[PDB]
Every structure is written in structure tokens, then in C-alpha cells.
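Everything below concerns the one structure shown next.
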Amino acid sequence: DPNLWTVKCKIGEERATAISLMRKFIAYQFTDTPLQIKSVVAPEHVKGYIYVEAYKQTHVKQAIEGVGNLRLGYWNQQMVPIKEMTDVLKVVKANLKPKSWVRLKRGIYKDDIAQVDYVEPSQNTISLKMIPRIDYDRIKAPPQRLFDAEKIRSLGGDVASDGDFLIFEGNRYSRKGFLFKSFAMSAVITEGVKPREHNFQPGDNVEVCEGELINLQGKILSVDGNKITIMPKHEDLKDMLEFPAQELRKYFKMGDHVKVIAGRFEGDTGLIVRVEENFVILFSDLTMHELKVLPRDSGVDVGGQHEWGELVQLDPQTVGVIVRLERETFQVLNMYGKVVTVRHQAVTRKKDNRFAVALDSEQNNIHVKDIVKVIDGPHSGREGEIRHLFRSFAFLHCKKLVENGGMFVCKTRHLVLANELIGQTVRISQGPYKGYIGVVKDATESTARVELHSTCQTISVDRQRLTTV
Amino acid sequence: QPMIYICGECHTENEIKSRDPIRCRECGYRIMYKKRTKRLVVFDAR
Amino acid sequence: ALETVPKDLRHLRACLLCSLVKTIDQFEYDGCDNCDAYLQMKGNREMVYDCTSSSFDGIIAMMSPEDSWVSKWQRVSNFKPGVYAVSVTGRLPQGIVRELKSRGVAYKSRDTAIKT
Amino acid sequence: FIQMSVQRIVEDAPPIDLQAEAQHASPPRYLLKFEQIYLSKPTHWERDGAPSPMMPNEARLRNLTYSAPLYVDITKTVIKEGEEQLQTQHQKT
Amino acid sequence: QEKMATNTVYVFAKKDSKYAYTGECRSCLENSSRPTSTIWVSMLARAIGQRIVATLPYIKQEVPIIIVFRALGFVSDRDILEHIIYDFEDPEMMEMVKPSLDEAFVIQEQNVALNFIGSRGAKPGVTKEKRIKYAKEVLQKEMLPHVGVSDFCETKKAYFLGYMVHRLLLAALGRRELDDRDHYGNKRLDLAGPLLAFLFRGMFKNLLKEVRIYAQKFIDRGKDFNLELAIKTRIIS
Ligand SMILES: [Zn+2]
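Given below as C-alpha cells:
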């Protein structure tokens, strides 16, 4: 049987090389200079070089003569080894739900939270429910805002209304203030959004969830991506076993410190007071406000209308942020910095302006999500993330603050985003240097340094001795 | 504002504005010298 | 001959039966250069779209299949020299396969890909 | 150097004959030989005015390269088929 | 820039080496593209003793001079000695030339000597007739270009190489004295002319080897080509 020999080729022009060698084979197959090679292989995904099937290297060299595209493999050839010749012709070929939330990878809608309105059965795209970032073709010759169909009908351009549904500016589809447009599944980020996966790190205590090895707990020695071959050291066991990720879970007796790796709460820490079936409850270190999370890692009140951290209208003039959920009431941090107790129905849910802009103490533009330092007022010295803005008020969050679930309120002006004689030709009119013309480099209340035009020296004299030109 | 220059070849004072190619309106010569300044110069004779 | 060889890179299609890679002009004008007598796609474009593939991986310029181990592994030793495909995505309909089996030609798949 | 050594260097270089990729279907070449170098005095301007000689002081001031263009005349003679030889000469290349 | 003079024979004696005396003549044609192809004719520094070898360009190992002459075309031995010792009545020359003669009494004809040289070549041929051609090319062009590169210059190259060997023997016997390296008679000065010639020659070859590439890229398809586009005026300047 003949063997395969690597011949280096021009990149991106390997298929054309095989076509030219086949034409060269048929053009000289009856002549006195025959191509004694057997086949030519240029694969689909192997880029840069092709393969010649022959019993000899000299047959390869005398067959590729006259081909310029292989001239970097003309002098020497390398044989594909015998066990590896089948590797030449060898060809190889959850995380997303309806009403879940993803993040688009590109565009102005890059990194924005978007709800999955519809999963396409062909698995090409998903319809996404968004909030548009558009200037309504007025500024174009931005923060998120609700789609005003009357405004885009007023401005005109590419607009087509079909009731609440509307097509605009490149087949952008919108309905009832929200966008509903298909975007590719390869173009969206399906995991870690939190408006399978495995995360195990050496040193954590894990439990065996199934098997004859079930209910062993031990600490992680090492980690791999799938079958972790987690090498746990179980209690009272000096031996290392191997477990696949799917067989494990992150256990924890009550009283140990825990971190929230991913979720609405991620970054927060606490001691777990009670562990339930897959449920785990804990108290945060910043605030004693309760938390219930899954073992691998709700946030909404009973009734589903409101959720912690939301902006509410307390009365016609006063806004606040919900900072504690109770069975009949909320605790709300109002815009003045006081916490009030109100019945769930006594406050109205307020539309948050995610695209709000304000000025900080140094006249910088600040926006929601910005990190600011507090430089005046009661919270001076603190640092926080802007969560909401209203008139002269900013609601901030800092996870280190245990009070009010980390929320606090500051005035925007208490925040910050985290001589005449100089150069004037003078004439010394008194003293030992009298009559010299120079230029004032530095000047004070008393004296001034004069670069003398004549000498190579800068000397200082009194301002009472100088007379300008 | 005027910034009168001097042609290297024909020595002709010719008006040039900012952001224009260095060209002499006659003789096409492309090297220009600026001028002598107007501000006062005081030299000791030492 | 040269009539089997494709003329350009655009619209290259591999056959579903013998993995013969030609352009759509050559399938329209010549049919299959190996087994058109069993398939009869010459004189019909829809027969070509039913009997050729739009997805293929790897090409082989099979010059002498009588003394090729690649033709032994790809099972194309008893064929004619030409441009062949390594992996072919696609399948004939059941009428064509049943008609070939009634003529004594069982349809072996050229999809030799390792699907996961 | 610029009188005779450049001439001998430009003339002793062998002519280049070049074929196709040994066939097309189931190949002629040409010679392209050149000689008789020409050298002109330094010149300076490019697509903005009719070219003018470079003064060395102007080169110093404008950080130009006080260089001179050299020219050759090439004779490419090409044979294809039928035994008909046509040679085209390009002066001042 | 100073350099050692070309086409002249220098007999030196380096202190610590396997050989005592060595005669070199770096050679150049009349400003050819080939660099200084330096050839050394050396004498070992001590059985038999005092064999004469000649390390050759594009040859990995030293080659005894008599093998070089037989490869050059002199089958006999009297003819070879006629090119080295010019007066046969001097037996002191013979007593030192015979230790190199008796080293190579197993090569008697031109082709076996060509094979011997080709085996020592940097690119050893796989067959005999490839080493023959490689060594013939080396003797034709690499060795002693200044005495001539043509169809038949074997007699002139043999005369000059025998002169080099005679010069080495004169230094070995003490009839003459070793040439001085700092003697500025043996030096040459590369002024603007020669330096610009050396550099322009290389750039001109580089220009030609890209005109060729452009020509190939158009004639593989065979439509036509334009020498105006082929010439890359940037490279030389
Ligand atoms: Zn077929």
C-alpha cells in the first residue's frame, strides 16, 4: 500500500491545487512523462498543506514539478506515519429557554438583558424582548427608554405601523413599547445572565449525590471540566476517589461562610443558618436580610407585583426603594434617607429611567451603573453603585453596607465618579541690572524671575523694580 | 494673523495663511524663512 | 477524462451515491460520470438536487484507484478516476433507493463522518 | 562605479526564461534581456509640477535624498507557437 | 574599509593547530556575484608524516591535493609533479611531496577522484554520477574563479593550484618566508565605488528575483504580463 506525504501549499488555495494536479494528471496520462502518484488529498479544514499518495518521495517530487503553489514543499517531503493515515480522512462535526434571559453579543444592544420571547424550532435564532436604545432618527444625521411609536411616527423615516406592532430602521420590530426581534443563538450569551455548567474549585466541601458513595463529604483536591475526577478527600478517608461533576453537589453544614457565585445575589456573602432539600437559606453579612439560594450557587414579594430594590411612588412627591419584604408591608428607603413601613398596595410601582443622566460634584456626567465615591453629606467616605436617579437624588447600593440591604441615598452633588506678569516683557528700572529687557518666567507677590534677553541667565528682582513695555 | 514669510530663492515677501501648502506665488520655490521678530531685543555689549 | 474534472470552485456538489464532486454545470450537462445509467440525472436539474449534496467535507483526487489504499478505505477502488468527496451529508429518497435495489444496487451511505 | 561598474553589473546578469506549469491540457517561454544603462541628473518634484533638478542645499534643508534616477532599456523577446519571434524594446525603463 | 587582497597566495603558520603551514588564496572574478571563494592549501604538523591537504569551498572535509589534481584531470603522476616542483633535480622537494603522493595511490583515474570529492561535499549525491557532476561543478566554478571559469580551464587551474602547493613547500623548507598579514601590500581598500558595487549587485539580484516572481504569477495563467508593473522600483532606491 502507498503512503501519504505532506506537501506545503499556499494558504487558502489547497482545493485549487488538487484540481490543477488532477488536470495535470489527465493531461499527461498518455505521454512519456507520467505522474506515478496515486491520489491527492486537500481536506476541508486542514489549511496550509496537502497530501500526496505514493510509494516513493521521488515520485512526489517528480509529480509536483511545475506546480508553483507547492514550491515551499518541493525540496523536502514529510511522510504521514502509518498509524496516523486514517486520521487524515477522519471528519468530525441546554442553557436556553423560552421566557428566560440572555445578553446580545453585539450592536448597541450589546450586554443588555433581553427576555427570550420565542425559541425558534429550527434552532437558528430566538425572538428577543428588549427595551430600545434609539434617538428616533432625530439626533442621527443612549440609555434604554420605552418605545414611543407616536414619536417615531412624528419623526418619520423608515416607519411602518400595524397597530401596537411597528417595523422601523432596518426591520427592527417593536410591540407595545418593547422590542421583539430575532437574533442568532450564536450571537447571544446563554449562561451567567441572571437578570449546563459546573464550577468546582480545590478546597470546597462537596457531597456525593448518588451512587454507593452517596452522602460522602470531602474536600476538593483537583478539578477537570466534566468528569472532574474530583479527587475528594472524604472525611475519615485518606484515599482520593473520582467523581464526575454530575454526581456531586456543593454541601455545607450550617455556620460556615458562603459566597454567592452566580445569581441575582452574586457577590454577597453570609453564614448559612438552615439547609433544606436543595434549598439553602442564609443571612447576608452586610445586612441580616434573609437569602434563599440553590446549592450550586426568589427576590420577589408574595403577589408577584413588586420585588426588592424596586423604585416606588410613596405619595405624589416622594419616591423610594423597597429594601425589605414583609407579609403585608414593605420597608421603603425614601428619597430623604428615612425608612418607612407601607402596605403593599399603598405604594405604586414606578417606571425606572435606566437612561437617566445627572451631574456629580465635579460636573461629570453620571449614569445608572456608575461607581461613585461619596465626598460630602451623611455617607461621606462611602462608595456605591448608582441604582436609580430621580431629580436631585441618587439611590446607591454597596454590598458592604448591611443596613437596608445595602441601599442608601445621596445628593448627586455629594458624589464623584470613581499671575498677570507671567510672560510679559519687562525692563528693570532700578538697581544693578537697570536697563535690561527680559521676560518674566515666575512671579510672586514680592519678587519675580526674569529671563534676561542679553545674558545666559535668569535672575530674580522685585516687582517694584520692574517696568513693563 | 498675516505671518509674512520669505522665499528662499527670490526673497519675495508673500502672504500665506494657516494650513496652506508652502508655495511661492512666483518661481514655485518651496522653502520659506519666516521673518525677523518685532519684539524688543536688548543686548549687553559684553 | 477532463470532462469529469470541475471547471471552477463555485457550486461544487458531491454525489450522494459515489461522492463524485462536480459543478452544477457538469451535473446538468453530463449527469454522473460513474453511475448515471443507474440514476439518470442528465437532462433534469431536480434529479440533480435530489441526488447530489450541498454539504461535503474533504476532497480526494483519485488518480489510480486500482493501487490506492485510500480507495480501499473509501470503497472507491472499482470506480473511475476523478474528484471524490470524503464525507457527504445527504440521502436519496426511498423511491430512488428502492428502484436501485430492484436493479440490484443497494445504497451504501458515503456519510462516513463521526457524528459526536 | 557609476560609470562602468553599474554597467557591468547590469549587463552580466543572466536573462531569465520562464515557462508555465509544465502543461495545461493532455509551454513556450521568453528571454527578457536588457542592457545599456542610462543615468540622469538629480530631479525633484512628483505629480505637483514639471520635475526640476535638486539642489544639494535644497536637499539638506528639506531632508530629501540627493539621489539620481537610473534608467535601462529592456528587450523582451517572446516565442509562443508557429515559429514567429517578436521582440519589444522599452527604452528608459 | 580594509580587507585582505584577493587572488594572491598567502602562506601562514598558525601556532596551535593540527597542521603547521597553510596557504590561502581568497579568489574573486572581475566583480562577480559570487563572494570571495577562499581555498586553503595546508600541510599537517606531525609513521609517514607531513601530508598535504587542501580544504575546498563547499567541501566539509579536507581533500589531499593529489586527489584534487586527479579529479581535475591528470591521471599520471609525473604530470602532476610537473605542476608543483618545477625542477626535478631538487630531491628535498620530492622527499616532502612523496608523503602526500603515497597517501593517494588508491585513486588512479578522474571519476573515482570526482566520487571521492563528492562524498565529502556538503550535498552528498545519492548515486555515483550525481557526486561526479556536483564535484565537477565545484571544481569548475567554486575553486579558483579568478584564473577562469569556462569549458576548458583545467590546465590553468592545475598550474595555479600547483603553484599554491609549491608556495606552501617553499615556506615549509624555509626557502622563502611567511607572508605578513599586516603588510598593507596585502590589503585592499573598499571605497565608495567598490562598496556601492557590492551592495547594488545584491539589490539588483533581489530585484530580478522579484521581476521573475511577478512574471511567473502572470504566466502560470498565461494571459499576459507588464514589465512596468513587474519592475519594483522601490527595492533598489
Ligand atoms: Zn454518482
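Chains as they are written, first to last, in the working numbering: chain B, 9 to 477; chain G, 1426 to 1471; chain L, -1 to 114; chain D, 436 to 528; chain W, 33 to 269.
Virtual Cβ for every residue (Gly too), placed ideally from N, Cα, C.
Provide the residue span of the alpha helix (DSSP H) that contains residue i, from first to last.
| i | result |
| --- | --- |
| W:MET196 | 186 to 205 |
| W:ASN147 | 142 to 151 |
| D:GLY484 | It is not in any alpha helix (DSSP H) - D:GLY484 carries neither H nor E in the DSSP assignment. |
| L:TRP67 | 67 to 71 |
| L:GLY93 | 92 to 100 |
Hey, is residue i's beta-carbon within less than 8 Å of any beta-carbon in chain D?
| i | result |
| --- | --- |
| G:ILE1456 | yes |
| W:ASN39 | no |
| B:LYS32 | yes |
| W:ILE267 | no |
Does the Cβ-Cβ distance between residue i and residue j come in under 8 Å?
| i | j | result |
| --- | --- | --- |
| B:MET138 | L:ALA59 | no |
| W:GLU34 | W:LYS168 | no |
| B:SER292 | B:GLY278 | yes |
| W:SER59 | W:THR87 | no |
| L:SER75 | L:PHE54 | no |
| B:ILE58 | B:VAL96 | no |
| B:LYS227 | B:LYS241 | yes |
| residue 20 of chain W | D:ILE444 | Because chain W spans 33 through 269 in this model, residue 20 of chain W falls outside it and cannot be assessed. |
| B:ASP145 | B:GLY165 | yes |
| L:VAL3 | B:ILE34 | yes |
| B:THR356 | B:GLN321 | yes |
| W:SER65 | W:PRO177 | no |
| B:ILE121 | B:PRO51 | no |
So, is residue i buried or exposed, given that buried needs 16 or more other C-beta atoms within 10 angstroms?
| i | result |
| --- | --- |
| G:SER1443 | exposed |
| B:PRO140 | buried |
| B:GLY392 | buried |
| W:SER108 | exposed |
| residue 482 of chain B | As displayed, chain B neither begins before 9 nor continues past 477, which places residue 482 of chain B out of reach and without an answer. |
| W:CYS57 | buried |
| B:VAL310 | exposed |
| B:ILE142 | buried |
| W:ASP252 | buried |
| L:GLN72 | buried |
| B:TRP316 | buried |
| B:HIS53 | exposed |
Verify the CB distance criterion: does residue i have a CB-CB separation below 8 Å to chain G?
| i | result |
| --- | --- |
| B:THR475 | no |
| D:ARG464 | no |
| D:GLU493 | yes |
| B:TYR444 | yes |
Residue range of the beta strand (DSSP E) that residue i falls in?
| i | result |
| --- | --- |
| B:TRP316 | Element bounds for B:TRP316: n/a, residue is neither H nor E. |
| B:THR476 | 474 to 476 |
| B:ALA456 | 455 to 460 |
| B:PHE291 | 288 to 292 |
| L:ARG11 | 10 to 13 |
| W:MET75 | 69 to 76 |
Is there a C-beta anywhere in chain B that falls below 8 Å from the one on residue i?
| i | result |
| --- | --- |
| L:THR21 | no |
| G:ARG1461 | no |
Would you say residue i faces chain W, with C-beta separation under 8 Å as the test?
| i | result |
| --- | --- |
| D:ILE472 | no |
| D:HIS525 | yes |
| D:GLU456 | yes |
Spell out whether any CB of chain L is found under 8 Å from the CB atom of residue i.
| i | result |
| --- | --- |
| B:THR41 | no |
| B:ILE116 | no |
### Query
With a cut-off of 8 Å, do at least 3 Cβ pairs link the stretch 503 to 510 of chain D to the stretch 470 to 483 of chain D?
yes
### Query
Can you find at least 3 beta carbon pairs, one from the stretch 1 to 14 of chain L and one from the stretch 1454 to 1470 of chain G, that sit closer than 8 Å?
no
### Query
Pairing CB atoms from the stretch 147 to 166 of chain W with CB atoms from the stretch 91 to 101 of chain W, are three or more of them under 8 Å?
yes
### Query
Would you call the stretch 72 to 90 of chain B and the stretch 467 to 475 of chain D touching, i.e. three or more CB-CB distances under 8 Å?
no
### Message
Under 8 Å: do the stretch 239 to 258 of chain W and the stretch 69 to 87 of chain W share three or more Cβ pairs, one atom per stretch?
### Response
no
### Query
Using 8 Å as the Cβ pair cut-off and three pairs as the minimum, do the stretch 124 to 134 of chain B and the stretch 202 to 221 of chain B touch?
no
### Meets three-Cβ-pair contact criterion under 8 Å: the stretch 404 to 414 of chain B and the stretch 351 to 371 of chain B
no
### Message
I'd like to know if the stretch 250 to 258 of chain B and the stretch 213 to 220 of chain B are in contact, where contact means that at least 3 CB-CB pairs between them fall below 8 Å.
### Response
yes
### Touching by the beta-carbon criterion (3+ pairs, under 8 Å), the stretch 77 to 84 of chain W and the stretch 117 to 136 of chain W
yes
### Query
Looking at C-beta atoms only, is the number of pairs between the stretch 190 to 197 of chain W and the stretch 507 to 518 of chain D that lie closer than 8 Å three or more?
no
### Message
For the structure I just gave you, are there three or more beta carbon pairs, one from the stretch 153 to 169 of chain B and one from the stretch 103 to 114 of chain B, closer than 8 Å?
### Response
no
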